[PDB]
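Structure first, commentary second.
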Amino acid sequence: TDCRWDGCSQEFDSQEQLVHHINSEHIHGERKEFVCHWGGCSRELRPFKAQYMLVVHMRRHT
Amino acid sequence: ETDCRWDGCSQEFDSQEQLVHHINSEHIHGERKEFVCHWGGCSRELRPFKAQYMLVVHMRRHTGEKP
Ligand SMILES: [Zn+2]
Ligand SMILES: [Zn+2]
Ligand SMILES: [Zn+2]
Ligand SMILES: [Zn+2]
């Protein structure tokens with residue numbers, strides 16, 4: 001019944017609430033994770049909170 | 001400098017400009033082709049799915065939701 005989506009502190013009473021939460025916030029909600037999938041990147045797939053930060057980060061690989 | 005290492009991409013280019021344009025066009029602003037499960041302790045280890053529907057079915061392993 002508790003959310004373990006990295007960055008999420010949400011705890012619930014029931015499976016049905018967790019299911020609705022994950023669908024609402026983490027699947028269909030505003031995208032808040034922007035991962036660099038560059039092979040050997042020292043971030044190790046740790047997400048940025050905004051696309052702009054990923055764009056700036058890509059200058060390090062190019 | 002010239003070659004893309006974006007997970008599941010092996011485009012190689014002649015110039016830095018070509019690589020910069022490729023990354024922006026395909027990996028930043030292109031159709032999304034990576035769907036990561038950020039569930040703590042997930043055995044996938046943040047390895048991406050190709051499609052949103054695949055992440056949706058995968059979530060039922062963390063929730064226990066019957067299909
Ligand atoms: Zn959550
Ligand atoms: Zn990176
Ligand atoms: Zn690429
Ligand atoms: Zn998972």
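Values reported hereafter were calculated over all heavy atoms of this structure, with side chains retained and with hydrogens, waters and symmetry mates removed. Labels below follow one simple rule: chain letters A, B, ... track the order of the sequence lines, proteins then strands, and each chain is numbered from 1.
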Please say whether more than 12 non-hydrogen atoms of neighbouring residues, nucleotides or ligands are located less than 6.0 Å from [atom1] in [X].
| X | atom1 | answer |
| --- | --- | --- |
| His29(B) | NE2 | yes |
| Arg32(B) | CZ | yes |
| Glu16(A) | CD | no |
| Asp14(B) | CG | no |

Measure the spacing between [atom1] of [X] and [atom2] of [Y] and express it to the nearest 0.5 Å.
| X | Y | atom1 | atom2 | value |
| --- | --- | --- | --- | --- |
| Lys49(A) | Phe34(A) | NZ | CZ | 9.5 Å |
| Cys9(B) | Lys33(B) | SG | NZ | 10.5 Å |
| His21(A) | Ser14(A) | NE2 | OG | 12.5 Å |
| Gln17(A) | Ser24(A) | CD | OG | 11.5 Å |
| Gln11(B) | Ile23(B) | CD | CD1 | 11.5 Å |

Which heavy atom in [X] sits nearest to a heavy atom in [Y], and how many Å separate them?
| X | Y | result |
| --- | --- | --- |
| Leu55(B) | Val36(B) | CD2-O, 3.7 Å |
| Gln52(B) | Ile27(A) | NE2-O, 3.6 Å |
| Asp7(B) | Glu34(B) | O-OE2, 4.3 Å |
| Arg47(B) | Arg44(B) | O-NH2, 2.5 Å |
| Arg5(B) | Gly40(A) | NH2-N, 4.2 Å |

**OP:** Identify which one of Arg60(B), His62(B), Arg61(B) satisfies the side chain to side chain donor-acceptor pair (under 3.5 Å) criterion when paired with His58(B).
**Re:**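 Testing each of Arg60(B), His62(B), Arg61(B) against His58(B), the sole residue satisfying side chain to side chain donor-acceptor pair (under 3.5 Å) is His62(B).
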
Subject >> Side-chain donor-acceptor contact under 3.5 Å, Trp5(A) with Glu25(A) >> reply: no

Subject >> Joint cluster assignment, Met53(A) & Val55(A), ILVMFWY side-chain distance < 4.5 Å >> reply: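 Same cluster: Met53(A) reaches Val55(A) through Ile, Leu, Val, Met, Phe, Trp or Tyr contacts under 4.5 Å.
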
**OP:** Say whether, by atom type as modelled, one donor and one acceptor occur between the side chain of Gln15(A) and the main chain of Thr63(B) under 3.5 angstrom.
**Re:**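 Judged by distance alone, yes, a pair lies under 3.5 Å.
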
Original post:
Is a side-chain donor or acceptor of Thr1(A) paired with a backbone partner of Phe12(A) at a separation under 3.5 angstrom?
Top reply: yes

**OP:** Using the six-membered ring wherever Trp is involved, compare the ring planes of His61(A) and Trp38(A) and label them parallel, tilted or perpendicular (cut-offs 30° and 60°).
**Re:**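 It falls in the parallel class, under 30°.
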
**OP:** Dump the intermediate steps for side-chain contact (heavy atoms from CB on, under 4.5 Å) on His37(A) and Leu45(A), then the final yes or no.
**Re:** CA-CA 6 Å; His37(A) 290 279; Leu45(A) 303 163; 3.8 Å; yes

Original post:
Would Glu1(B) and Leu19(B) satisfy side-chain contact (heavy atoms from CB on, under 4.5 Å), going step by step from the backbone distance to the final call?
Top reply: CA-CA 7 Å; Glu1(B) 296 181 329; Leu19(B) 175 61; 6.0 Å; no

